[PDB]
Amino acid sequence: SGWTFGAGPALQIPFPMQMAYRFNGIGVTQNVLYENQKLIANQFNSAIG
Amino acid sequence: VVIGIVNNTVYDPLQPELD
Ligand SMILES: *[C@@H]1O[C@H](CO)[C@@H](O)[C@H](O)[C@H]1NC(C)=O
Ligand SMILES: *[C@@H]1O[C@H](CO)[C@@H](O)[C@H](O)[C@H]1NC(C)=O
């Protein structure tokens, strides 16, 4: 759900779109995430590992 | 490069006014 589960009813939303939301919230455009999605995913997986 | 994009058409606020 993202952040809506803590401010009211839960709303379903794809996780890449939630990541685009969180990237646009800090000033970075959503295109860098919508294009380089595989790189961000691999970096996140490597960090989690 | 975008994964999950669909084909559609967008509107232009200049084409109908000019044509
Ligand atoms: C959604 O995920 C499924 C499972 O991987 C995949 O088969 C499908 O093509 C994806 N659709 C979109 C919107 O990318
Ligand atoms: C989108 O358009 C391209 C070029 O016409 C085509 O190859 C592709 O199959 C289309 N995909 C969809 C979502 O219909």
# chains A, B, ... in the order shown; residues from 1 in each chain; ligands from 1
$ residues_near_ligand --ligand "ligand 1" --cutoff "8 Å" --atoms "only C-alpha atoms and all ligand atoms" --output "VMD selection string"
chain B and resid 3 to 5
$ interface_residues --of "chain A" --to "chain B" --cutoff "10 Å" --atoms "only C-alpha atoms" --output "count of residues only"
7
$ closest_residue --among "A:32, A:40, A:26, A:17" --to "residue A:2" --atoms "only C-alpha atoms"
A:17
$ select_by_dssp --residues "chain A" --states "helix (DSSP H, G or I)" --output "PyMOL selection string"
chain A and resi 4-6+15-25+31-35+37-48
$ residues_around --residues "residue A:12" --least-positions-apart "4" --cutoff "12 Å" --atoms "only C-alpha atoms" --output "list in words"
residues 1, 2, 3, 4, 5, 17 and 18 of chain A
$ atom_distance --atom1 "atom CA of residue A:42" --atom2 "atom CA of residue A:15"
14.7 Å
